[PDB]
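K.L.:
Take this structure first; my questions come after.
A short reminder: the numbers here are calculations on the coordinates, not readings from a lab. Cβ coordinates were reconstructed from backbone atoms using ideal geometry, including for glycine residues, and neighbour counts include every protein chain displayed.
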Amino acid sequence: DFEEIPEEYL
Amino acid sequence: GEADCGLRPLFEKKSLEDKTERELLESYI
Amino acid sequence: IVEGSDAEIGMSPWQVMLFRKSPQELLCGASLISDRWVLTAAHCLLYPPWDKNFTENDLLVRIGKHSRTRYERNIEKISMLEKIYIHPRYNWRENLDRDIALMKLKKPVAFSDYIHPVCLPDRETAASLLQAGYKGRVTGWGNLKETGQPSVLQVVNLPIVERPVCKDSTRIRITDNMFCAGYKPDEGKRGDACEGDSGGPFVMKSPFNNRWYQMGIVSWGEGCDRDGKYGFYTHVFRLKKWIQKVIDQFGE
Ligand SMILES: *[C@@]1(=O)[C]([O])[N][C][C][C][C][C][C][C][C]([O])[N][C]([C][C]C2=[C][C]=[C][C]=[C]2)C(=O)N2[C][C][C][C]2C(=O)[N][C]1[C][C][C][N]C([N])=[N+]
């Protein structure tokens, strides 16, 4: 239920 | 940045205390 | 954290979340000791019995967080790791002796109201504060109960317990690289670190210069908030030389 992190971090 | 280490911007730096830090200090007899 | 309270905004600005890239999930707590170095438990990265062996690419560090789950859009800063350093004598085989690791960020983080490093104890600071009966503070987003998860960062103040009492509460062989904390069954107050809190900081506030110091790392326990049991923590000052060492040789 973790909210999505910005792809820029992946 | 350890130099300014352990002084919180919203507490130490403004001379504000958090809700339970006195329980800590009152234990260091 | 078991029997804690929600932390106030900016109460623990050195609090770090260890975050798995995929599945995205919370791994452990950690702490910010400078603009490029993070301190955590070696077990958060390497624990062969459980097939745990995380690499740099496997993870993200999240700093300035409050909420466990939301991406805190202009507050938290996410970083990638440049390199992981585990204590060469970490003992995963028997007792988690020397449970400590350093992580150097790819790029130095900027300090803010919610992002600020904790101090590393000196010989003298260690000597006056690491006393049975003296309270330290633990923080993390771990389980609220042994058996769920907080919405926000939790905190609990707990007393350091005498070495004998620590030793006699368990079957595991305790080393000088560890200390235990918690209230005694008669003491009538509770609280402990619980699953999800590992690698986080045990800190104390100096009464001499009134700065926060990190004395321990959440390391191991048996259950959470059980009577006659205590949480164990890596003794940060005892491993200070290895810490100093790696920073002098590899970064800063
Ligand atoms: C921390 O959140 C975690 O770091 N990683 C997940 C581990 C939870 C699994 C539960 C299983 C039991 C167990 O083996 N617990 C040990 C207890 C004693 C021990 C065994 C072997 C060697 C040394 C010690 C244990 O706690 N751990 C084994 C590996 C890592 C560690 C651990 O589970 N840490 C937890 C934090 C727990 C804090 N608990 C507490 N303060 N009551």
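K.L.:
Classify the stretch C:203-252 as rounded, prolate or oblate from the Cα gyration tensor: take a ≥ b ≥ c as the square roots of its eigenvalues, call it rounded if a/c is under 1.5, otherwise prolate when a/b beats b/c and oblate if not.
P.N.:
Oblate, because a/c is 1.5 or more while a/b does not exceed b/c.
K.L.:
Continuing with the same structure: Please give the Cα centre distance for the stretch C:206-236 versus the stretch C:178-201, rounded to the nearest Å.
P.N.:
7 Å
K.L.:
Right, another one. How many percent of the alpha carbon pairs in the protein assembly as shown exceed a separation of 36 Å?
P.N.:
Here the tail beyond 36 Å accounts for 8 percent of pairs.
K.L.:
Across the stretch C:81-97, in residue order, what do the Karplus-derived ³J(HN,Hα) couplings come to in whole Hz, using 6.51 cos²θ - 1.76 cosθ + 1.60 with θ = phi - 60° and x for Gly and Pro?
P.N.:
Those phi angles translate into 9, 8, 6, 10, 10, 9, 4, x, 10, 3, 9, 7, 5, 10, 9, 6, 6 Hz.
K.L.:
Could you give each residue of the stretch C:12-19 its phi-based ³J(HN,Hα) in whole Hz, using Karplus coefficients 6.51, -1.76, 1.60 with θ = phi - 60°, and x for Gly or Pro?
P.N.:
So the Karplus estimates, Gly and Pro as x, are 9, x, 8, 5, 10, 9, 8, 10 Hz.
K.L.:
Moving on. For the stretch C:206-217, take each phi angle, set θ = phi - 60°, evaluate the Karplus expression 6.51 cos²θ - 1.76 cosθ + 1.60, and give the result in whole Hz per residue in order, putting x for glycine and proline.
P.N.:
Ordered by residue, 3J(HN,Hα) equals 5, x, 8, 10, 6, 9, 8, 10, 8, 8, x, 10 Hz.
K.L.:
Under a plain spin-label model, where a point goes 7 Å from the Cα along Cα-to-Cβ, how far apart in nm are residue C:73 and residue C:145?
P.N.:
Reported label-point gap for residue C:73 and residue C:145 is 3.3 nm.
K.L.:
From the Cα gyration tensor of the stretch C:26-130, with a ≥ b ≥ c the square roots of its eigenvalues, which class applies: rounded if a/c is under 1.5, or else prolate if a/b is larger than b/c, or else oblate?
P.N.:
It is oblate, given that a/c is not under 1.5 and a/b is not larger than b/c.
K.L.:
Quick check on chain C: helices-only [θ] at 222 nm, where DSSP H runs of length 4 and up contribute -39,500 (n - 2.57) each and the sum goes over total residues. Nearest 500, please.
P.N.:
After summing the helix terms and dividing by the residues of chain C, the value is -3000 deg cm²/dmol.
K.L.:
Also, quick follow-up: Quick one, what does Rg over Rh come out to for the stretch C:14-63 if you take C-alpha atoms and the Kirkwood Rh?
P.N.:
Here Rg/Rh amounts to 0.96.
K.L.:
What percent of all Cα-Cα pairs in chain C falls in each 10 Å bin, counting up from 0?
P.N.:
Final binned percentages: 7, 34, 40, 17, 2.
K.L.:
In addition: Taking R0 as 41 Å, what's the FRET efficiency between residue C:209 and residue C:51 from their Cβ-Cβ distance, rounded to 0.05?
P.N.:
Efficiency at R0 = 41 Å is approximately 0.40.
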